[PDB]
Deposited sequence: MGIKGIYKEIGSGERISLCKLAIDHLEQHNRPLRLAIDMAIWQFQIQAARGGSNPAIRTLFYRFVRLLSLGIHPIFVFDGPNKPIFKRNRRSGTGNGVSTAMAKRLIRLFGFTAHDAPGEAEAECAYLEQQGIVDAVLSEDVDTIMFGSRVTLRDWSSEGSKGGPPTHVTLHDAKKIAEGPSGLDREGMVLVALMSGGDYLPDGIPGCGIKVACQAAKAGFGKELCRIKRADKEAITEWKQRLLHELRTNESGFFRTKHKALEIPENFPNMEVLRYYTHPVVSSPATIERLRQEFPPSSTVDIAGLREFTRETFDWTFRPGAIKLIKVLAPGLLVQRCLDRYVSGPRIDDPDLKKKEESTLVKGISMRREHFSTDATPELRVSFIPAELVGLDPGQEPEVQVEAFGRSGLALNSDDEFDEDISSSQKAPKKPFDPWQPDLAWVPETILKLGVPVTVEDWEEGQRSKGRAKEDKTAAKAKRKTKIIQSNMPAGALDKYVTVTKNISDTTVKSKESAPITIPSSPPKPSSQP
């Protein structure tokens, strides 16, 4: 669901997540806020093999990636109207927000975006659009290397594009063609004639009706058996429309989905994005117990992986400049960021992270005390370490 939708609305725009984050940071002078439907993990994550808890090792690595993009994420969990404990623990340890939707997470993500709690939705598909989403993203994946890209769909362009499908058009598409996950849906009716029904206006109409409907179903089911207005390709005098159609309860579930109370939205308005302050000692205990990153090798490995992320996180909360960045050596506009300008920065991983390997039993190599290098987006560096970027730019004009 909805099967074959992308043939209608398009497959969407592939775009560097770093480009979305940095464009938004430049346009709105604050980091991108993302609602992430926690259901997107189940498929991608079950492929990591080896070690201890690989499904949530890779969740760990995606959280470090979100640290370095400078994205403020709210992770949304499904509720009962229609391991998560480690995960909610790991969310907290990274200073991210966990939110339990009352019902479907997709409906709640979309609601958080139209209330302004978040700027975009990352979900598994475009169901979010029937639920009111405007900017919806899916398929955070390589473009087979690191996951750098998402597929962007825009409700404003879709609705005025070739399909013409808007929220009520789609919604009629799922009422007519969704016979396999919604009751009282027209057998033998698929995406093609549901979509030319939507285009003929029957979705705007049904949606603007008090849950009367009889002067619509008869009007529709006659336009189908005869095609008098030529609203479709062929006649359909054999589509048996069930008497309990349109199931308006199924309509209510899309038009008025079960979302958080008004008071909960106001709570989120004051509390998200909440304070980050990555729990360094908490992540050290977590990785020791869950990944078996034991003793000094496991402390040194946490440092290598976490250090570039804290650099970014600390640059967005922000003389004291030298404490995060020792130098800049180059610039690039690499295609993996859709040409976001990045600066090559030096830093001391163990100095930046705050843990000490020698307080752990010792059991070519990587020294957390020597300088490491990372590519960081130039506009994040102008915010956090501004006079270092001047001197490099003055050095460059020399």
What's missing from the model if you number the deposited sequence from 1? 1, 84-98, 160-162, 231-234, 342-355, 401-430, 466-530
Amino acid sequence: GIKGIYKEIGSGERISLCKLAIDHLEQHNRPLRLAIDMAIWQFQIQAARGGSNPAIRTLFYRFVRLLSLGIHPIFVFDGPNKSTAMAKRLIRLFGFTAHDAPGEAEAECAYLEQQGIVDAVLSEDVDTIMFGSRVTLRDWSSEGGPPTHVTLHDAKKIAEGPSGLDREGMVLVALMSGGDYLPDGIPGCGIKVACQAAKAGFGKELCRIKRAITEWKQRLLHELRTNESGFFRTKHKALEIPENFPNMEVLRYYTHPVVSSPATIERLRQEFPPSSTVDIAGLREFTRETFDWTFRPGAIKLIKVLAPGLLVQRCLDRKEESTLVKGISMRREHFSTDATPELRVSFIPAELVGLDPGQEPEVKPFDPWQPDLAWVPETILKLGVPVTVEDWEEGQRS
From here on, numbers count along this sequence of modelled residues.
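Heads up, when I say rigid core I mean the largest set of C-alphas that superpose within 1.5 Å between the two forms.
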After fitting on the rigid core, pick out whichever of 237-245 or 102-110 shows the bigger RMS C-alpha deviation in 4 other deposited structures of this protein. 237-245
When the rigid core is fixed in 4 other deposited structures of this protein, C-alphas move more for 321-329 or 171-179; answer is 171-179
Given that the flanking residues are present, does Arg208 go without coordinates in at least a third of the other entries of this protein? yes
Go through the other compared entries with residues on either side of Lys199 and state whether a third or more give it no coordinates. no
Stretch with the higher entry mean CA B-factor, where the candidates are 23-31 and 42-50: 42-50
Select between 130-138 and 172-180 the stretch whose C-alpha atoms have the higher average B-factor in the entry. 172-180
Taking the values straight from the PDB record, which of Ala194, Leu112, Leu122, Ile71 has the highest C-alpha temperature factor? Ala194
Selection by C-alpha B-factor (highest) of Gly188, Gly309, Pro102, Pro273: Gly188
Taking the chain's C-alpha temperature factors as the reference, tell me which third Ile303 falls into: lowest, middle or highest. middle
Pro80: which third of its chain by C-alpha temperature factor? middle
Ranking every modelled residue in this chain by its Cα temperature factor as given in the entry, which third contains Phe335? middle
Assert third(CA B-factor, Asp37) within chain per record equals lowest
With respect to C-alpha B-factor, does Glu321 fall in the lowest, middle or highest third of the chain as deposited? highest
